[PDB]
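Chains A and A', in that order, give the protein sequences. A prime marks a further copy of an entry chain. For reference, each letter of the first sequence is one residue, going 29 to 537, 564 to 719 in the authors' numbering. For reference, each letter of the second sequence is one residue, going 29 to 537, 564 to 719 in the authors' numbering. Backbone N, C-alpha and C fix where the C-beta goes; we use that ideal spot for every residue, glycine too.
2 protein chains.
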Amino acid sequence: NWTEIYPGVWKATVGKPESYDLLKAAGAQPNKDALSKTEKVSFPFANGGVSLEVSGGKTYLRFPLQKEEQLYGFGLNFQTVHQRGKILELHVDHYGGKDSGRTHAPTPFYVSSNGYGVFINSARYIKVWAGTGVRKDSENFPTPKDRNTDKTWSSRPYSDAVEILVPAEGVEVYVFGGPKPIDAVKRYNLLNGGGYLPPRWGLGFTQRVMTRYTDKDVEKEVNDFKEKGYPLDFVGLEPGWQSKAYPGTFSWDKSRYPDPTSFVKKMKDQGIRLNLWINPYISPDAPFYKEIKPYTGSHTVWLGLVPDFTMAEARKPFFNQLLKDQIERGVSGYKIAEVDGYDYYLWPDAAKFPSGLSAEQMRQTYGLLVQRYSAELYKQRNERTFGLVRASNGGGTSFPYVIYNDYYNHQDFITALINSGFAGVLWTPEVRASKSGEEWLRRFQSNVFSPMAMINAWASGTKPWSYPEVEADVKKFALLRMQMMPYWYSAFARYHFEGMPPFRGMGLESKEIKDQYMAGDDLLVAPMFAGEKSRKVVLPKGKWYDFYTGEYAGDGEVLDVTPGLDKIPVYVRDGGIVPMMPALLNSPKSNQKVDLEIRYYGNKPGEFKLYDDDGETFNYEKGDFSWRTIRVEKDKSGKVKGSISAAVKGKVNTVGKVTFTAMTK
Amino acid sequence: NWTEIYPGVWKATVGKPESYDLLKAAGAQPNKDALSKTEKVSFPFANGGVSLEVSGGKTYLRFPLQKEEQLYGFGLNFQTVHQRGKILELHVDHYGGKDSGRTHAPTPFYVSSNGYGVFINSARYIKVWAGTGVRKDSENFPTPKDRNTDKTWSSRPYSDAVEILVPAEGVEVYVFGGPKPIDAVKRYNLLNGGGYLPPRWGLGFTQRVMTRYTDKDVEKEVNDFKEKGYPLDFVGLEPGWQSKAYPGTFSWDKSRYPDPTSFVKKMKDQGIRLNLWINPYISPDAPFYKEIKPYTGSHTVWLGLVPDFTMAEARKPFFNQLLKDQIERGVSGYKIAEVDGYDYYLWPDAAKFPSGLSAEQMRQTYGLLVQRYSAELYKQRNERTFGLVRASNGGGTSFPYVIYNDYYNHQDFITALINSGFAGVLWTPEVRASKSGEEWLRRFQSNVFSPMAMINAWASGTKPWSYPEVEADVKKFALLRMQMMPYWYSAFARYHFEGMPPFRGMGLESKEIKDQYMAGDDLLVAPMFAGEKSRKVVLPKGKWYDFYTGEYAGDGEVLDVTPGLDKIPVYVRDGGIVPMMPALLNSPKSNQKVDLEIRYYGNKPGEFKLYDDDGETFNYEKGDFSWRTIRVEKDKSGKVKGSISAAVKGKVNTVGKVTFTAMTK
Ligand SMILES: O=[N+]([O-])c1ccc(O[C@H]2O[C@H](CO)[C@H](O)[C@H](O)[C@H]2O)cc1
Ligand SMILES: O=[N+]([O-])c1ccc(O[C@H]2O[C@H](CO)[C@H](O)[C@H](O)[C@H]2O)cc1
């Protein structure tokens, strides 16, 4: 039976749940306060058809579907957005080129167009039939037809239920009420703790450099950025920062980084944080190898031992080493690779772990474990982090990590960004290389409208300027990313405080939209792909305005758009507001005031809540943050008229001079 | 611990095995007598490294591998023959375009080049890592390398073990000794009962006709075959023989087959047997619908009920209906479709069956069940059958069925034929349609060198003569199939009596051979594909001769061959013998004597064992069969000299006049 545990959140325990699961792995704390503030709504299945039962060692779940109903979610899918009629086995893996359920974050959470959601809190591989099964006892069992004579015969008859098989003696299930699909998503995310509140520097530009770069090489690239006037907040170091990689020593290479404490200080003195690549596989030359060895799994990954991070005795030496040798030198964060797959790189399910945990549950949660305990080191020091991870799952909403991968299909990169908002994780459509300046710029354009503005040059050695044809436009989009920082910061604050995903699909305020996404509350983004001169944009009801010129674009209609190579199609909702700081090269400090131009689109009176705090510590948890309310409209004369609410006594205030601009002439 | 249960056959029971499994599903009886006649050999794992254990609800198996070792098997794979370094989940399904373990017969049996085999007798889905896992405690654990500096670093380090995970509390495991790989295969097959001994008519030509054909349409096609001088033994009827299909009534359509008893008699009077399409999904208009309904599963397939055939109460009305309405009218056999997949057509694993059997074990064994109980009806009447099935598994060696499917890649069709000999099942690379006469003939050529000589015209309406460009050559290969009948019959007898697969890969007397196969003992077949003028043939050591001219071809060497459109490359081993009957249009009757020309290749003295019995009943089980030994060589003058052993008193004797021909001038 379903206990209403929070407004719009119901929990059922079926059979005997396992003692390890996703929420537990994650150490995921609900945001009770934000949840308590959501509307009481009624239980979304009001007319029966729900079945929860255990049999033959397994838990069988069934939830009914109505005829109108579309489904979204089941994790970070790359080619599909509509999920009804799909069959999946949710299984952490590097993406393999089709949507089978094998993916970086195979979140067992789905959302319906009728405005509810369902989360299956198991760390096993989970099978889903999302409306494919046709039951003989169904109330909607179609009438048998004779294929020999009836041309209306169907190869895929109507199915009226989502079916889920969990390989265990019981499971915890959570149901999220609406009224709208986005509501279900927000409560799910809040149940997970809300999204991480990133530091401002996390929303700036990151350049990752080639594997082999020395300290001098990095110092030079930093100078080139500065000299060329390109923004940069943090640099990614790749495997050659370690004395050995694959497997790793988790200790600085003496040859390429002869003085780490000094190298890290110098970068920081220039405004540059560092983010370090790791996979968590242990070299014999690692300083804690012998200590940790008995707390590792039976099977290795690239000949490195696999720590059982569910054990204090594995956690302590691993993370103490990151703490003492890097974090305490000033390293800002980490890039966690190769905790996903493929099956032939990672441990088999047949592997055994010292804690007794199944290899399967370890596979499903390893990314979560590494996220969790690394994030903790930073929190302990009252310091925010932000970085990258190649696997996550249900339970992982609150972690300071963005998913990336080694796939590269650009269209699919955008589909993944859309599905990220249904999956309780962040994704970045990263930039690495390109066969043309056109492709370079299109990729860079979509990437600055995402969680993380990044070129990953580990193998390519590219820099933002590497394609001379498009170099001026790349710079402009790099500077835009900085200007838009207050817009992104406030979007991310809503992720944290209300569970609102900052990037999500259409219709979350009839056929599938896989190539447009909302970015914050106000912007509809419709990327161009290389080799296209034009594309269609499907605008929702209500009026929309061109992001660049402020001109009316349309209202509930399809547009044909020929944007040119120098623009990514972006439209602003009527009364939409985008606060813009100056084109700074470095994210501003907490003791620093910054001027804002409020860009106001359309004529509908507009309202925007600007988030503000020190941008780097956990002081916000003690209440040291503000929401500055911004209102803009045009008066009688058609002249812009705007207000910003007053700064709050005793709070951080980074808001400088505020001016208002009516974009729609 | 391993009980030697037969010569070269060892059995281990690990933990608590489930009460249902493949051998049990199949009702598979070992051929004790044939097994007792195999060499005692020693247990193939003599130096440890074997691990069998139960943990967390699952059975973990490990078998060691040596450095030299290659692996074969894990079922009916279509693109791969070498299996070492593969990862699979064995799962009955229609083939989906890659070798993942999803396939028609995912036999959990593998064979090593060191000359042993292993069979995992579980009817669950089984995960296999065939030498991918790298264990930290392995005696062959490679030395960690630094990817930053060592260019010899490996992304897939050396693995020294086959690992298998079974989702159950225990399993029965079988190990088969050698000395050679083919030995392990023969014992496995004999453990399963040996292969079926087919009727002679089963090795003739079968034409399946369009779905909609009436009795008159079939009668006409039979006349066209006769009038055009093309051979034909049995005709396949497709779904429009039933009053309804998808789901089925299992009862003759009154409109298309107004008088079934008469229609079946007339065909038989002309030498033509009938083979009827079924899927086993039950229409409401079936005469036993209500009776059977309570013994069907929760979920339907194309709106038809799924009988739980593990229950007498489901079996009785289903098979009584086949018996009374078709078999007793004279129907010779059945074509069993759609017992494989895909997942979105068949029942989900979440489905429930009245017997309590998991939907998973039902999925894994359904084909076996339908094969088993249908075969029984025929055996009960002292009558052999032969037909088609779209799924089988371990346990299914002795059933009178050949696997076929709806895939069509010709190269892959040949790879499947090779892998059939490692999988304990029969496969036919069937002919349906083609975009050219060239493709038609190449397909027809490979198909007459397989278990079943067949055109499946259910949708295409093709006949052997449908491509005028190649029509004369097609006829010749159709007549060859008849001439070669004693060669094929004797090959199939060895399948039954000794477990020797009649079609199998190379090296079963260094890199992968996916496009050549042995057909009986004597013939190496190397098919051409459409658009090729020439191909390489890799000949094993020892001398080989051209099947058409008898000329020396080579010895342990690669040939470049430009055969022409009118020949499929076939080579005969030195001293090889192919007995040829006349080009009859119909398989000969049991009371009928037939002349044979013994075609003898090379100069090495040759010996062939010709099988002989009534070709249609189970009298052979009472000892009414003979092996006629045939010896041929050339004398001093280079003149052919041959003998055939004398017919045995009281036995069937269909051998007429025997003459000998030395093919190698
Ligand atoms: O060629 N490979 O086997 C291979 C392995 C790993 C790859 O990617 C990842 O690690 C890189 C550093 O070695 C880099 O950080 C990348 O972003 C990771 O996904 C690529 C190719
Ligand atoms: O278009 N389809 O959904 C479809 C279904 C089944 C197909 O193949 C099988 O059944 C046929 C008769 O309907 C025929 O016997 C064939 O050999 C079977 O595999 C093909 C297409």
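Check: Endpoints, the beta strand (DSSP E) within which A'/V120 is located; Outcome: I115 to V120
Check: Listed by chain order, chain A' residues near A/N303 by CB distance under 8 Å; Outcome: Neighbours of A/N303 on chain A': none; closest Cβ ~18 Å, over 8 Å.
Check: Proximity test, Cβ basis, 8 Å: A/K363 and chain A'; Outcome: no
Check: As assigned by DSSP and simplified to three states, the class of A'/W269; Outcome: helix
Check: A'/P335, DSSP secondary structure in three states; Outcome: strand
Check: contact_flag[the stretch 580-599 of chain A, the stretch 690-702 of chain A] where n(CB pairs < 8 Å) is 3 or more; Outcome: no
Check: A'/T713 - containing beta strand (DSSP E), residue span; Outcome: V709 to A716
Check: C-beta neighbour in chain A for A'/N176, strict 8 Å; Outcome: yes
Check: Contacts that A/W157 makes with chain A' (C-beta to C-beta distance below 7 Å); Outcome: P376 and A378
Check: A/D600 burial status per 10 Å Cβ neighbour count (16 or more: buried); Outcome: buried
Check: Beta bridge counterpart(s) of A'/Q57 as assigned by DSSP; Outcome: Beta-bridge pairing links A'/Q57 to no other residue.
Check: Contact check, A'/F472 vs A'/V502, beta carbons under 8 Å; Outcome: yes
Check: Whole-angstrom distance between A/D649 and A/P636, CA atom to CA atom; Outcome: 7 Å
Check: Element boundaries [alpha helix (DSSP H), containing A/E499]; Outcome: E499 to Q511
Check: Heavy atom of ligand 1 within 7 Å of A/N484 beta-carbon; Outcome: yes
Check: Contact with chain A by A'/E191, beta-carbon distance below 8 Å; Outcome: yes
Check: Environment of A'/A340 [buried if 16+ CB atoms lie within 10 Å]; Outcome: exposed
Check: Uninterrupted alpha helix (DSSP H) stretches inside the stretch 417-463 of chain A (no shorter than 4 residues); Outcome: 438-451
Check: Contact check, A/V592 vs A/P623, beta carbons under 8 Å; Outcome: no
Check: According to DSSP, residues forming a beta bridge with A'/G358; Outcome: Answer by DSSP bridge pairing: none, since A'/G358 is not bridged.
Check: Partner residues on chain A' for A/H119, Cβ-Cβ distance less than 7 Å; Outcome: Those do not exist, as A/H119 stays about 11 Å from chain A' at its closest Cβ, beyond 7 Å.
Check: Cβ-heavy atom distance, A/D434 to ligand 1, below 7 Å; Outcome: yes
Check: A/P479 Cβ short of 7 Å to ligand 1 heavy atom set; Outcome: no
Check: Chain A' within 8 Å of A/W330, Cβ atoms only; Outcome: yes
Check: Which residues DSSP lists as bridging A/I154, in chain order; Outcome: A/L118
Check: Buried versus exposed call for A/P514 [16 or more other C-beta atoms within 10 Å across all chains shown]; Outcome: buried
Check: The stretch 152-168 of chain A' / the stretch 252-267 of chain A touching (three or more Cβ pairs under 8 Å); Outcome: no
Check: Sufficient close CB pairs (3 or more, under 8 Å) joining the stretch 348-360 of chain A' to the stretch 193-210 of chain A; Outcome: no
Check: Chain A contacts from the stretch 324-349 of chain A' (Cβ-Cβ distance under 9 Å); Outcome: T324, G325, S326, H327, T328, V329, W330, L331, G332, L333 and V334
Check: Contacts of A'/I115 in chain A (Cβ-Cβ under 7 Å); Outcome: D371 and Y372
Check: Amino acids of chain A, ordered along the chain, whose beta-carbon sits closer than 9 Å to that of A'/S311; Outcome: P172 and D174
Check: Residues that A/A573 bridges to, as DSSP identifies them; Outcome: A/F531 and A/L577
Check: Run of the alpha helix (DSSP H) containing A/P345, from where it starts to where it stops; Outcome: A340 to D353
Check: Cβ-based contacts, 9 Å cut-off: residues of the stretch 81-105 of chain A' near chain A; Outcome: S83, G84, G85, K86, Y88, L89 and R90
Check: Near ligand 2: A'/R418 beta-carbon under 7 Å from a heavy atom; Outcome: yes
Check: Bridge partners - A/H327, DSSP secondary structure assignment; Outcome: A'/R163
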